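Following: one structure in structure tokens, then a few remarks.
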Amino acid sequence: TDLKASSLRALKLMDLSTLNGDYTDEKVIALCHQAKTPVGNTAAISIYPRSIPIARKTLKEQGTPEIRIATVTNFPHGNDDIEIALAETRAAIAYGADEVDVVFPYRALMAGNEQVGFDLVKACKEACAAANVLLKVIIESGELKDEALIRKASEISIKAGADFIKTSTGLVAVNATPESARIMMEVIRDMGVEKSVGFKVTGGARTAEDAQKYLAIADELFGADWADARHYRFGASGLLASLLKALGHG
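Residue numbers (PDB author numbering): 2 to 251.
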């Protein structure tokens with residue numbers, strides 16, 4: 002009802018990945034097939050840079066060329082070496098990424114260094130925007146933990162030109178929570194960047210009910226029209242099965 006509407010909405014905002022690994026060509030091909038669901042396409046697939054060329058061919062051949070290819074750089078570590086983060090980002094662009102999700106140097110921020118996060122994000126944004134590629138910034142809210150640090154990483158990422166702020170890599174003990182999702186969307190609101198900055202929930206949401214709860218935070222803060230594919234994603238694998246079950250598939 003409300004849950005079927007929210008489940009279809011969430012499905013169309015998914016950056017689809019698998020739990021175990023989508024980096025053998027056969028697993029990347031299977032992921033591309035999975036993204037083309039009976040009720041619509043996911044917003045994107047999320048894969049490692051080396052998987053992009055075969056993913057692009059697979060998406061074209063199955064007649065879903067508008068499924069975005071998102072990838073990851075500086076990942077999953079969020080090290081504070083800008084030259085490495087930037088080189089990986091330029092490689093991701095060259096492979097053919099539509100979007101790059103770079104990991105913010107969160108341990109550097111936890112050690113009191115705000116500048117390196119600004120400089121790393123800004124360099125990667127400039128490279129991506131020069132190639133018409135969107136930059137998401139993974140702040141790893143589940144490692145920052147402290148509300149003030151989650152706000153500060155979000156603020157720095159936005160000031161440095163992030164097109165999205167993303168909770169998590171998906172590969173640490175704590176990924177998204179409803180609390181970190183709310184804090185990060187509060188920062189988008191408080192900085193006046195709702196037009197230019199999206200929010201991505203990585204992990205946390207496992208069920209159709211969870212997806213409804215996470216979207217309800219966006220609807221509360223920004224109104225129900227805000228959370229389109231340019232402004233909201235679910236970084237998810239197992240969630241898709243739950244959304245399809247809520248919609249009467251499997």
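No residue lacks a Cβ here, since even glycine has one placed at the ideal position from N, Cα and C.
I'd like the list of long-range same chain contacts for residue i, defined as Cβ closer than 6 Å, with 5 residues on each side in sequence excluded.
| i | result |
| --- | --- |
| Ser18 | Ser47 and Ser238 |
| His250 | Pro39 |
| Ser181 | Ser142, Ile151 and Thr168 |
Based on the DSSP output, what are the partners of residue i in its beta bridges?
| i | result |
| --- | --- |
| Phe165 | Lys137 and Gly199 |
| residue 253 | Residue 253 falls outside the range modelled here, since the chain spans only 2 to 251, and no answer is possible. |
| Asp16 | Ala45 and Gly236 |
Evaluate residue i with the Cβ neighbour count: other Cβ atoms within 10 Å of its Cβ, from every protein chain shown; 16 or more gives buried, anything less gives exposed.
| i | result |
| --- | --- |
| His232 | buried |
| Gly236 | buried |
| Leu20 | exposed |
| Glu89 | buried |
| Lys58 | exposed |
| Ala112 | exposed |
| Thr168 | buried |
| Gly204 | buried |
Using C-beta distances below 7 Å, list every residue in its chain close to residue i, excluding the 5 sequence neighbours before and after it, in chain order.
| i | result |
| --- | --- |
| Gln63 | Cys33, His34 and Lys37 |
| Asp23 | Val29, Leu32, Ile48 and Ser52 |
| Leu60 | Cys33, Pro66 and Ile68 |
| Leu150 | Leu110 and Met111 |
Between residue i and chain D, is there a C-beta pair that is closer than 9 Å?
| i | result |
| --- | --- |
| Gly249 | The structure shown contains no chain D; it is built from a single protein chain. |
For residue i, collect the residues of the same chain with a Cβ closer than 8 Å to its Cβ; drop the 5 residues on either side in sequence, then sort them by chain order.
| i | result |
| --- | --- |
| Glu67 | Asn42 |
| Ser158 | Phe105, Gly118, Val122, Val138, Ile140 and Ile166 |
| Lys214 | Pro179 and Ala206 |
For this session: Starting from the N-terminal side, write out each stretch of the beta strand (DSSP E) that is 3 residues or longer and does not extend beyond the region 65-109.
Result: 69-74 and 100-104
Exercise. Which residue spans inside the region 213-238 form an unbroken beta strand (DSSP E) run of at least 3?
Worked result: 233-237
Exercise. Quick one: any contact between the region 94-101 and the region 125-136, if contact means 3 or more CB pairs under 8 Å?
Worked result: yes
For this session: Please confirm if the region 168-176 is in contact with the region 187-198, defined as three or more CB-CB distances below 8 Å between the two stretches.
Result: no
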